[PDB]
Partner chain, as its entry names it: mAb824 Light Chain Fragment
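A single chain, nothing else alongside it, follows as structure tokens in the form solved without its partner chain.
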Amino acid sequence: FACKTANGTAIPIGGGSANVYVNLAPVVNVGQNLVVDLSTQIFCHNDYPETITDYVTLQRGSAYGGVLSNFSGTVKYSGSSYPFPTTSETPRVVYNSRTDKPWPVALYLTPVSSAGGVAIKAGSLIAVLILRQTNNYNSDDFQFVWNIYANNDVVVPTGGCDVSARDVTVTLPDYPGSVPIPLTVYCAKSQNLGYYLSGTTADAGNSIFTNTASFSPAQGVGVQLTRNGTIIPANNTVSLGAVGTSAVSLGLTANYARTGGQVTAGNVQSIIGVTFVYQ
């Protein structure tokens, strides 16, 4: 039994725990969200397949690590799905070839939020996997740990729906111009979806966001969002009706709005949060 990652780096087998760096592409699916498919990341082979046949299972106590430590889910192992954290040992994968075959493992997450996400940074631990290696010819039976680290910055979707972007940046035309905000949303299966805006408001009506621009900033103006010509105030539920696998625009448009007093020349900036809810 010998393994290597996608980039050809060898995984030392046995000894202490191994730090295995892998790529993530988290997506929502029906009834579960994918954190990582290791079958494209880890590949393994047998050097004496004619005489020796290697067996490898996933031992119980394999669980998420780091920011994901908190979550539960499943692990699809060799076509079958099992709860994750693993409560019992999985069935074995056979390694009877000198040709590198992938390690058929995919880590899933049970949806808990509407459209939430967890930031996962490059270099951070995401799972702690305990493996048990045996063979068909002698009594060698050994366990070792594979700490799975992320090789790229991603955001694991913790809900039934996924946003087109976690950080949107729009540029307003010069005052008093407006511009649409590019942002859509979709769900694994149909969800009666809505959302509301949050952030620091300038007015009592909670419909204008404060200008937090630092350098040569404008006075007397803030940012205000509209949808179909209708002003959207903060902490106000916007219904999107039924949202399915097809992306549905939020319909949001950015605008300027006077906050009161003389309007003076300068930069304008406003950070506005969007939070999704079920209905």
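Numbering follows the first chain given and starts at 1.
In what follows, reference is made to the form deposited with its partner chain bound, a form of this protein that is not presented.
Contact check for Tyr149: every heavy atom lies farther than 4.5 Å from its partner chain in the deposited bound form. The closest heavy atom approach of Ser88 to its partner chain in the deposited bound form falls within 4.5 Å. Proximity of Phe71 to its partner chain in the deposited bound form: non-hydrogen atoms within 4.5 Å are absent; the residue sits far from the partner. Contact check for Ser80: a non-hydrogen atom falls within 4.5 Å of its partner chain in the deposited bound form.
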